[PDB]
């Protein structure tokens, strides 16, 4: 149990690239609260070797109210748009989510326990 606390990350099992060389892919992750920083990485698994295909970091800010990659975070969800794919880019792509500085305080209440006491 040496590693970092795990994130449950889910990823479409298959995606078809358009004929234009564009693919979309959503990386969903289970987490409550917004961490101050997120980094998202797409790792290509070519057989035995792994190499980074894209990677974007984001921090929480005030906002008005070969393979190139667009990353759009969202509540528990990151859409990755790959462009400039060629035939040889076909293969397995693993999504990685990293969260840093989670909320510093969590709270929950239970639904209550009726305790019956008898003399």
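Residue numbers count along the first chain shown, from 1.
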Sequence continuity check, residue 65 and residue 66 (deposited residues unmodelled): 4 to 9
Comparing 102-110 with 16-24, the one whose average Cα B-factor in the PDB entry is higher: 16-24
Selected stretch [higher average CA B-factor]: 45-53 or 90-98: 45-53
Residue with highest C-alpha B-factor in the PDB entry, from 30, 75, 61, 37: 75
For residue 82, the third of its chain into which the C-alpha B factor falls: middle
